[PDB]
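Asks: Okay, so here is model_10.cif, and as you'll see once you scroll down, it has mmCIF, C-alpha atoms and all ligand atoms.
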```
data_structure
#
loop_
_atom_site.label_atom_id
_atom_site.label_comp_id
_atom_site.auth_asym_id
_atom_site.auth_seq_id
_atom_site.Cartn_x
_atom_site.Cartn_y
_atom_site.Cartn_z
CA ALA S 11 25.69 -34.07 25.71
CA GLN S 12 22.58 -31.96 26.39
CA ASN S 13 19.28 -32.80 24.58
CA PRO S 14 20.65 -35.85 22.75
CA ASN S 15 17.26 -36.86 21.26
CA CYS S 16 17.13 -33.34 19.61
CA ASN S 17 13.68 -32.46 21.04
CA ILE S 18 12.24 -28.98 20.58
CA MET S 19 12.75 -27.07 23.81
CA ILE S 20 10.46 -24.41 25.24
CA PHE S 21 11.87 -21.58 27.36
CA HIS S 22 10.19 -19.24 29.85
CA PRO S 23 12.72 -16.43 30.59
CA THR S 24 12.08 -14.06 33.47
CA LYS S 25 11.99 -10.30 32.84
CA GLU S 26 15.57 -10.14 34.12
CA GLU S 27 16.77 -12.87 31.79
CA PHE S 28 14.94 -11.11 28.85
CA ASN S 29 17.32 -8.14 28.92
CA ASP S 30 20.36 -9.52 27.23
CA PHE S 31 19.43 -11.26 23.94
CA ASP S 32 22.88 -12.67 23.07
CA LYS S 33 23.31 -14.08 26.56
CA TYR S 34 19.93 -15.85 26.49
CA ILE S 35 20.63 -17.45 23.05
CA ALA S 36 23.94 -18.75 24.48
CA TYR S 37 22.00 -20.07 27.57
CA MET S 38 19.58 -21.94 25.35
CA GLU S 39 22.47 -23.51 23.48
CA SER S 40 24.14 -24.54 26.82
CA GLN S 41 20.96 -26.58 27.41
CA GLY S 42 21.16 -28.20 23.96
CA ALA S 43 18.32 -26.26 22.31
CA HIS S 44 20.15 -25.98 18.99
CA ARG S 45 20.24 -29.71 18.55
CA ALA S 46 16.52 -29.68 17.62
CA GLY S 47 17.02 -26.96 15.03
CA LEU S 48 14.15 -24.88 16.53
CA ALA S 49 13.20 -23.53 20.00
CA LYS S 50 10.17 -21.72 21.39
CA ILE S 51 10.53 -18.72 23.72
CA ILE S 52 7.53 -17.55 25.73
CA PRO S 53 8.12 -13.92 26.84
CA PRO S 54 7.72 -12.94 30.51
CA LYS S 55 4.21 -11.92 31.42
CA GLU S 56 5.32 -8.30 31.96
CA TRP S 57 6.49 -7.93 28.36
CA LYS S 58 4.65 -6.60 25.34
CA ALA S 59 5.70 -5.98 21.67
CA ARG S 60 3.48 -2.93 21.36
CA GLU S 61 0.29 -1.46 22.99
CA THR S 62 -2.30 -2.59 20.43
CA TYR S 63 -2.72 -3.92 16.86
CA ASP S 64 -5.73 -1.68 16.20
CA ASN S 65 -4.06 0.60 13.72
CA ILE S 66 -2.30 -1.77 11.19
CA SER S 67 -4.94 -1.95 8.38
CA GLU S 68 -3.36 0.59 6.17
CA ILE S 69 -0.03 -1.26 5.80
CA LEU S 70 0.34 -2.14 2.06
CA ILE S 71 1.05 -5.61 0.77
CA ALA S 72 2.52 -4.47 -2.56
CA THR S 73 2.85 -7.96 -4.08
CA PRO S 74 0.61 -10.58 -2.45
CA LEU S 75 1.66 -14.08 -3.64
CA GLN S 76 -0.83 -16.86 -4.59
CA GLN S 77 0.80 -20.18 -3.69
CA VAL S 78 -0.05 -22.66 -6.47
CA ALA S 79 0.87 -26.34 -5.85
CA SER S 80 1.86 -29.19 -8.20
CA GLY S 81 2.41 -32.85 -7.28
CA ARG S 82 0.76 -35.17 -4.77
CA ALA S 83 -0.68 -34.39 -1.35
CA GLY S 84 2.45 -35.33 0.56
CA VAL S 85 5.14 -34.42 -2.02
CA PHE S 86 4.57 -31.21 -3.91
CA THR S 87 6.15 -28.00 -5.09
CA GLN S 88 4.63 -24.53 -5.03
CA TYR S 89 5.11 -21.45 -7.24
CA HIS S 90 4.26 -17.95 -6.38
CA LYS S 91 1.88 -16.02 -8.64
CA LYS S 92 1.98 -12.24 -8.16
CA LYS S 93 -1.38 -10.56 -7.41
CA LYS S 94 -2.44 -6.91 -7.27
CA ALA S 95 -1.55 -4.86 -4.25
CA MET S 96 -3.91 -4.73 -1.29
CA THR S 97 -3.89 -3.29 2.20
CA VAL S 98 -3.68 -5.38 5.40
CA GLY S 99 -7.36 -4.51 5.98
CA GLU S 100 -8.29 -5.83 2.54
CA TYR S 101 -6.14 -8.94 3.01
CA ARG S 102 -7.70 -9.71 6.43
CA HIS S 103 -11.21 -9.53 4.83
CA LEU S 104 -10.05 -11.89 2.09
CA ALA S 105 -8.55 -14.35 4.59
CA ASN S 106 -11.88 -14.45 6.48
CA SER S 107 -13.97 -15.00 3.27
CA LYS S 108 -15.72 -18.28 2.71
CA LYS S 109 -13.23 -19.21 -0.10
CA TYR S 110 -10.16 -18.82 2.16
CA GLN S 111 -11.19 -19.13 5.86
CA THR S 112 -10.05 -21.83 8.23
CA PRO S 113 -12.55 -24.79 8.18
CA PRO S 114 -14.24 -26.10 11.24
CA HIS S 115 -11.97 -28.36 13.23
CA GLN S 116 -11.60 -30.09 16.65
CA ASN S 117 -8.03 -29.28 17.60
CA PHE S 118 -4.58 -28.50 16.10
CA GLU S 119 -4.13 -32.17 15.20
CA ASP S 120 -7.39 -32.32 13.22
CA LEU S 121 -6.38 -29.10 11.41
CA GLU S 122 -2.94 -30.56 10.57
CA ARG S 123 -4.67 -33.63 9.06
CA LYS S 124 -6.90 -31.37 6.95
CA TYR S 125 -3.87 -29.33 5.78
CA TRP S 126 -1.94 -32.31 4.53
CA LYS S 127 -4.96 -33.90 2.98
CA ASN S 128 -6.25 -30.86 1.13
CA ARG S 129 -3.51 -28.21 0.72
CA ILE S 130 -2.71 -29.00 -2.92
CA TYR S 131 -6.31 -28.40 -4.07
CA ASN S 132 -6.37 -24.75 -2.99
CA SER S 133 -4.11 -21.74 -3.70
CA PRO S 134 -3.91 -19.45 -0.65
CA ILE S 135 -2.56 -15.89 -0.87
CA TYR S 136 0.45 -14.86 1.34
CA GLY S 137 1.77 -11.35 2.13
CA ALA S 138 5.44 -12.12 2.47
CA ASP S 139 8.77 -10.56 2.91
CA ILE S 140 7.48 -7.02 3.55
CA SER S 141 10.25 -4.80 4.91
CA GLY S 142 9.13 -3.28 8.18
CA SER S 143 8.47 -3.73 11.93
CA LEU S 144 5.52 -3.83 14.30
CA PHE S 145 7.62 -3.48 17.48
CA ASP S 146 7.15 -0.22 19.36
CA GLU S 147 10.35 1.80 19.40
CA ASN S 148 10.12 1.89 23.19
CA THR S 149 10.13 -1.97 23.51
CA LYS S 150 13.69 -2.55 24.65
CA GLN S 151 13.74 -6.33 25.08
CA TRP S 152 13.67 -8.76 22.10
CA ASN S 153 12.79 -6.00 19.67
CA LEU S 154 13.57 -7.55 16.25
CA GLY S 155 14.38 -4.16 14.69
CA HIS S 156 17.07 -3.43 17.33
CA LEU S 157 19.22 -6.53 17.28
CA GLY S 158 23.00 -6.50 16.66
CA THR S 159 23.63 -6.79 12.95
CA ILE S 160 25.20 -9.74 11.17
CA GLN S 161 27.69 -7.35 9.60
CA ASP S 162 28.85 -6.19 13.00
CA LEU S 163 29.07 -9.86 14.20
CA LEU S 164 31.30 -10.76 11.21
CA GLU S 165 33.42 -7.71 11.94
CA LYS S 166 33.74 -8.56 15.64
CA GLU S 167 34.69 -12.22 14.92
CA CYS S 168 36.79 -11.90 11.82
CA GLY S 169 38.06 -8.25 11.91
CA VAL S 170 36.80 -7.16 8.49
CA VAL S 171 34.34 -4.31 8.04
CA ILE S 172 31.73 -5.08 5.34
CA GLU S 173 28.86 -3.29 3.58
CA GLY S 174 25.23 -4.33 4.09
CA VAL S 175 22.31 -3.93 6.39
CA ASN S 176 20.01 -6.40 8.19
CA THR S 177 16.30 -5.35 8.75
CA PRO S 178 13.13 -7.28 9.65
CA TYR S 179 10.34 -8.54 7.49
CA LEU S 180 6.57 -8.85 8.02
CA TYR S 181 4.49 -11.83 6.91
CA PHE S 182 0.67 -11.65 6.69
CA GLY S 183 -0.74 -15.19 6.41
CA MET S 184 -4.02 -17.03 5.93
CA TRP S 185 -5.24 -20.64 6.16
CA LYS S 186 -2.95 -23.01 4.26
CA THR S 187 -0.27 -20.41 3.50
CA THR S 188 2.89 -22.44 3.36
CA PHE S 189 6.63 -22.13 4.00
CA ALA S 190 8.64 -24.67 2.08
CA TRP S 191 11.55 -26.76 3.43
CA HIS S 192 14.64 -24.56 3.81
CA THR S 193 17.53 -23.40 5.92
CA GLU S 194 18.29 -19.70 6.17
CA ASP S 195 20.52 -17.79 3.78
CA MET S 196 24.14 -18.71 4.59
CA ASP S 197 22.70 -21.11 7.26
CA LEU S 198 22.02 -18.11 9.59
CA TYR S 199 19.79 -18.19 12.61
CA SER S 200 16.30 -16.75 12.31
CA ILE S 201 13.93 -15.39 14.93
CA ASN S 202 10.17 -15.12 14.33
CA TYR S 203 7.58 -13.38 16.52
CA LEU S 204 3.87 -14.14 15.95
CA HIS S 205 2.34 -10.67 16.57
CA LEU S 206 -1.31 -11.54 16.15
CA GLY S 207 -3.93 -13.93 14.91
CA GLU S 208 -4.07 -17.64 14.29
CA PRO S 209 -1.22 -20.13 14.91
CA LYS S 210 1.67 -21.28 12.75
CA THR S 211 2.68 -25.01 12.75
CA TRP S 212 6.37 -25.75 12.24
CA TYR S 213 8.31 -28.87 11.25
CA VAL S 214 12.09 -29.11 11.73
CA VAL S 215 14.95 -31.52 11.06
CA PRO S 216 17.85 -31.51 13.60
CA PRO S 217 20.99 -29.91 12.06
CA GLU S 218 23.00 -33.05 12.54
CA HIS S 219 20.53 -34.83 10.23
CA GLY S 220 20.04 -32.19 7.56
CA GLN S 221 21.86 -34.19 4.89
CA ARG S 222 19.28 -36.96 5.30
CA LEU S 223 16.55 -34.56 4.34
CA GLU S 224 18.60 -33.33 1.35
CA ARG S 225 19.10 -36.91 0.13
CA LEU S 226 15.37 -37.63 0.32
CA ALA S 227 14.58 -34.39 -1.43
CA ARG S 228 16.90 -35.30 -4.35
CA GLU S 229 15.02 -38.62 -4.62
CA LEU S 230 11.54 -37.03 -4.48
CA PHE S 231 12.25 -34.10 -6.81
CA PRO S 232 14.60 -35.66 -9.32
CA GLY S 233 14.28 -32.98 -12.13
CA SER S 234 14.88 -30.17 -9.61
CA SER S 235 17.92 -31.95 -8.24
CA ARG S 236 19.49 -32.25 -11.73
CA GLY S 237 18.88 -28.51 -12.32
CA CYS S 238 20.67 -27.40 -9.13
CA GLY S 239 22.93 -28.91 -6.52
CA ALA S 240 21.24 -26.87 -3.76
CA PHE S 241 17.63 -26.62 -4.97
CA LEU S 242 16.06 -26.45 -1.50
CA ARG S 243 17.50 -22.89 -1.57
CA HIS S 244 14.69 -22.16 -4.04
CA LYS S 245 12.16 -22.56 -1.25
CA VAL S 246 9.53 -24.42 -3.23
CA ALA S 247 9.47 -28.05 -2.02
CA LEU S 248 7.10 -29.62 0.54
CA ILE S 249 7.29 -33.09 2.07
CA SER S 250 4.67 -34.18 4.62
CA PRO S 251 5.31 -35.63 8.04
CA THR S 252 3.83 -38.94 6.86
CA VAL S 253 6.38 -39.11 4.03
CA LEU S 254 9.23 -38.14 6.31
CA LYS S 255 8.24 -40.92 8.79
CA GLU S 256 7.98 -43.47 5.93
CA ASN S 257 11.54 -42.58 4.88
CA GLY S 258 12.98 -42.53 8.38
CA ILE S 259 13.91 -38.87 8.46
CA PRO S 260 14.24 -37.54 11.98
CA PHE S 261 12.04 -34.46 12.65
CA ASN S 262 9.91 -32.67 15.19
CA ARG S 263 6.81 -30.52 15.09
CA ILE S 264 5.41 -27.67 17.18
CA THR S 265 2.68 -25.04 16.97
CA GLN S 266 3.51 -21.40 17.65
CA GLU S 267 0.73 -19.11 18.99
CA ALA S 268 0.35 -15.36 19.04
CA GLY S 269 2.80 -13.72 21.51
CA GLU S 270 5.46 -16.40 21.16
CA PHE S 271 8.94 -16.36 19.59
CA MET S 272 10.58 -19.13 17.59
CA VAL S 273 14.29 -19.33 16.96
CA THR S 274 15.74 -21.45 14.14
CA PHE S 275 19.36 -22.52 14.52
CA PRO S 276 22.08 -22.80 11.87
CA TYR S 277 21.37 -25.53 9.30
CA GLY S 278 18.00 -26.39 10.93
CA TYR S 279 15.71 -27.26 7.97
CA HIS S 280 12.16 -26.09 8.64
CA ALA S 281 8.74 -25.89 6.92
CA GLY S 282 5.21 -25.12 8.01
CA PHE S 283 1.80 -23.57 7.53
CA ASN S 284 -0.50 -20.92 8.95
CA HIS S 285 -3.83 -21.82 10.59
CA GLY S 286 -5.71 -18.62 9.54
CA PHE S 287 -5.22 -14.86 9.37
CA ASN S 288 -2.01 -13.87 11.17
CA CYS S 289 0.98 -11.44 11.17
CA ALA S 290 4.50 -12.50 11.94
CA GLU S 291 7.82 -10.61 11.97
CA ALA S 292 11.17 -12.26 11.39
CA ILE S 293 14.87 -11.48 10.91
CA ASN S 294 18.11 -13.34 10.47
CA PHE S 295 20.89 -13.03 13.01
CA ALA S 296 24.31 -14.45 13.79
CA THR S 297 26.43 -15.47 16.86
CA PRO S 298 30.02 -16.57 17.06
CA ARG S 299 28.91 -20.20 16.69
CA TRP S 300 27.38 -19.39 13.27
CA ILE S 301 30.69 -18.53 11.59
CA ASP S 302 31.68 -22.17 10.92
CA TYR S 303 28.24 -22.83 9.46
CA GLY S 304 28.50 -19.83 7.20
CA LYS S 305 31.79 -21.08 5.88
CA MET S 306 30.25 -24.44 4.94
CA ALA S 307 26.80 -23.31 3.71
CA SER S 308 25.68 -24.60 0.33
CA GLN S 309 24.85 -22.24 -2.32
CA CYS S 310 22.47 -22.07 -5.29
CA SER S 311 24.35 -20.73 -8.37
CA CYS S 312 21.69 -21.82 -11.02
CA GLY S 313 20.06 -18.43 -10.84
CA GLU S 314 16.81 -19.36 -9.17
CA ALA S 315 17.48 -18.49 -5.52
CA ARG S 316 18.25 -14.73 -6.05
CA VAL S 317 18.91 -13.08 -2.64
CA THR S 318 19.52 -9.80 -0.85
CA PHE S 319 22.37 -7.40 -1.43
CA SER S 320 23.87 -8.20 1.96
CA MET S 321 24.62 -11.88 1.14
CA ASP S 322 27.36 -10.75 -1.26
CA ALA S 323 29.83 -9.87 1.45
CA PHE S 324 29.13 -13.04 3.44
CA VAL S 325 30.01 -15.21 0.39
CA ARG S 326 32.95 -12.98 -0.54
CA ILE S 327 34.61 -13.19 2.84
CA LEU S 328 33.59 -16.62 4.13
CA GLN S 329 33.53 -18.55 0.81
CA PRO S 330 36.08 -16.85 -1.51
CA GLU S 331 36.49 -19.98 -3.73
CA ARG S 332 32.72 -20.07 -4.37
CA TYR S 333 32.32 -16.33 -4.84
CA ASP S 334 32.84 -16.02 -8.62
CA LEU S 335 30.40 -18.83 -9.51
CA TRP S 336 27.77 -17.69 -6.97
CA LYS S 337 27.89 -14.09 -8.25
CA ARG S 338 27.34 -15.27 -11.87
CA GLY S 339 24.10 -16.87 -10.49
CA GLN S 340 23.17 -13.47 -9.06
CA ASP S 341 23.83 -11.85 -12.54
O1 LIG G 1 6.79 -17.44 8.88
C1 LIG G 1 7.10 -17.87 7.70
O2 LIG G 1 6.38 -17.87 6.60
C2 LIG G 1 8.48 -18.43 7.47
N1 LIG G 1 9.47 -18.02 8.44
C3 LIG G 1 10.64 -18.58 8.53
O3 LIG G 1 11.08 -19.47 7.76
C4 LIG G 1 11.55 -18.11 9.60
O4 LIG G 1 11.14 -17.29 10.45
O5 LIG G 1 12.70 -18.62 9.52
MG MG G 2 -2.04 1.03 9.22
NI NI G 3 13.10 -19.68 7.77
ZN ZN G 4 19.46 -23.22 -7.80
#
```
So, in terms of structure tokens, how does the structure I just supplied come out?
Ligand SMILES: O=C(O)CNC(=O)C(=O)O
Ligand SMILES: [Mg+2]
Ligand code: NI
Ligand SMILES: [Zn+2]

Replies:
Amino acid sequence: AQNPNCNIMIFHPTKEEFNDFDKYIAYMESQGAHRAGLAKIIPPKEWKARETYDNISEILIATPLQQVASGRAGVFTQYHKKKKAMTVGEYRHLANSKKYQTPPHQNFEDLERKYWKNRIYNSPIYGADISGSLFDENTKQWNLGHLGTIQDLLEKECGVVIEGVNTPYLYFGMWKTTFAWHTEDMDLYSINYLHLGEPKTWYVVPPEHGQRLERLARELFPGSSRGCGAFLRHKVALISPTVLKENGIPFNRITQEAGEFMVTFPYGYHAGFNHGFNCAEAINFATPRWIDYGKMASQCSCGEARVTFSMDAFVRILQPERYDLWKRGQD
């Protein structure tokens, strides 16, 4: 068995190996990358996502979200408070202000300590889930707006044509902006490219151990757990690495820098934070190996999780017994 300790693997494809996306994901899996739940891909030195980032200030963040925490430093939830619209230029200025800027620090490890110690006492503002792309249309390799669609994958594997579309999303982050513990919708893969700015630290639980994290979460968030059998789908709960270690939950951590891709694998729980002003792009995707995960994915039917139009067909076709109850939660 490849990668039996479920360590996060880092890949350095050549320009020739960067041509065929599907083939390279399958190569990474042949080496056991999926066992970690997360992999890093450093693009060949010849590659670029676009020529420059000098002209992105007029992008609009229609609904910036202030991330307000409740709980204790290591075990907290966050809610999102909607703020007034601002441009990327305005947001970048805010991120760099004395109220929100990254503090002085020695290294990534010192910054991680400061995050976990102090996150709950501040409410950073995140520009999330903005439909769009920063890849140049002429970038032919690993362009997140030109991937094969999950609808076409389900049709190729299962023979059924379905409605829906699959497009990327932009994330503009600042110091302490936070992504809560989750897997993807329908336990899909995700791919994330850090276009510019400061790093993003990730934590991940190997897929084979995801139920251990779920059990701890039910213990640590007991009201939430009573309200919904799949409440991590709400994307609001944070658990620190110190707490995970104290409770014997297997996990790994890695920092992604600008110009690097991360891939999350089916049923790989992940969480993390941004180091300072940055812009990432991400999208879900599928492979043939995903289908069995899609069939078994938990669902939130309490009404909180509320998801895209395109998840309907995945539930309908892969989870027909669940469909009626899940759709009630959507309505
Ligand atoms: O970058 C973020 O805020 C969160 N991204 C992801 O969870 C992802 O790419 O799967
Ligand atoms: Mg612009
Ligand atoms: Ni994710
Ligand atoms: Zn729910």

Asks: If you take only C-alpha atoms and a cut-off of 12 Å, which residues of stretch 106-166 of chain S touch stretch 179-185 of chain S, and what are their nearest atom pairs and distances in Å to one decimal, in chain and number order, as CSV?

Replies:
```
residue,atom,partner,partner_atom,distance
S:106,CA,S:184,CA,8.3
S:107,CA,S:184,CA,10.5
S:108,CA,S:185,CA,11.3
S:109,CA,S:185,CA,10.3
S:110,CA,S:185,CA,6.6
S:111,CA,S:185,CA,6.1
S:112,CA,S:185,CA,5.4
S:113,CA,S:185,CA,8.6
S:114,CA,S:185,CA,11.7
S:121,CA,S:185,CA,10.0
S:122,CA,S:185,CA,11.1
S:124,CA,S:185,CA,10.9
S:125,CA,S:185,CA,8.8
S:128,CA,S:185,CA,11.4
S:129,CA,S:185,CA,9.5
S:132,CA,S:185,CA,10.1
S:133,CA,S:185,CA,10.0
S:134,CA,S:184,CA,7.0
S:135,CA,S:184,CA,7.0
S:136,CA,S:183,CA,5.2
S:137,CA,S:182,CA,4.7
S:138,CA,S:181,CA,4.5
S:139,CA,S:179,CA,5.2
S:140,CA,S:180,CA,4.9
S:141,CA,S:179,CA,4.5
S:142,CA,S:179,CA,5.4
S:143,CA,S:180,CA,6.7
S:144,CA,S:180,CA,8.1
S:145,CA,S:180,CA,10.9
S:154,CA,S:179,CA,9.4
S:155,CA,S:179,CA,9.3
```

Asks: Would you list the residues that come within 9 Å of ligand NI 3 (chain G)? Count all atoms listed in the file and give the answer as a ChimeraX atom specification.

Replies: /S:189-195,199-202,274,278-281,292-294

Asks: Need to verify the contact set: residue S:250, 12 Å, all atoms listed in the file, exclusion of same-chain residues closer than 4 positions in sequence. Can you return it as a PyMOL selection string?

Replies: chain S and resi 82-87+122-123+125-130+188+190-191+212-214+223+227+230+254-257+259+261-263+280-283

Asks: Once you count all atoms listed in the file, which residues end up within 8 Å of ligand ZN 4 (chain G), and could you hand them over as an MDAnalysis selection string?

Replies: chainID S and resid 237:244 309:315

Asks: Write out as an MDAnalysis selection string each polymer residue whose atoms come within 9 Å of residue S:22, counting only C-alpha atoms; drop sequence neighbours fewer than 6 positions from it.

Replies: chainID S and resid 50:54

Asks: Restricting the output to C-alpha atoms, write the selected residues as an mmCIF file, keeping the file's coordinate frame.

Replies:
```cif
data_model
loop_
_atom_site.group_PDB
_atom_site.id
_atom_site.type_symbol
_atom_site.label_atom_id
_atom_site.label_comp_id
_atom_site.auth_asym_id
_atom_site.auth_seq_id
_atom_site.Cartn_x
_atom_site.Cartn_y
_atom_site.Cartn_z
ATOM 1 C CA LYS S 50 10.170 -21.720 21.390
ATOM 2 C CA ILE S 51 10.530 -18.720 23.720
ATOM 3 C CA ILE S 52 7.530 -17.550 25.730
ATOM 4 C CA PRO S 53 8.120 -13.920 26.840
ATOM 5 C CA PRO S 54 7.720 -12.940 30.510
#
```

Asks: Within 8 Å of residue S:204, counting only C-alpha atoms, which residues show up once you throw out same-chain ones fewer than 4 positions away? Write them as a list in words, please.

Replies: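 Near residue S:204, the qualifying residues are residues 209, 266, 267, 268, 269, 270, 271, 288, 289, 290 and 291 of chain S.
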
Asks: Mind writing the picked residues with C-alpha atoms as a PDB file, in the coordinates of the input?

Replies:
```pdb
ATOM      1  CA  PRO S 209      -1.220 -20.130  14.910  1.00  0.00           C
ATOM      2  CA  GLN S 266       3.510 -21.400  17.650  1.00  0.00           C
ATOM      3  CA  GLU S 267       0.730 -19.110  18.990  1.00  0.00           C
ATOM      4  CA  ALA S 268       0.350 -15.360  19.040  1.00  0.00           C
ATOM      5  CA  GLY S 269       2.800 -13.720  21.510  1.00  0.00           C
ATOM      6  CA  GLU S 270       5.460 -16.400  21.160  1.00  0.00           C
ATOM      7  CA  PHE S 271       8.940 -16.360  19.590  1.00  0.00           C
ATOM      8  CA  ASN S 288      -2.010 -13.870  11.170  1.00  0.00           C
ATOM      9  CA  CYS S 289       0.980 -11.440  11.170  1.00  0.00           C
ATOM     10  CA  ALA S 290       4.500 -12.500  11.940  1.00  0.00           C
ATOM     11  CA  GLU S 291       7.820 -10.610  11.970  1.00  0.00           C
TER      12      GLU S 291
END
```

Asks: Tell me, as a list in words, which residues lie within 9 Å of residue S:156, counting all atoms listed in the file; anything in the same chain fewer than 5 positions away does not count.

Replies: residues 147, 150, 151 and 177 of chain S
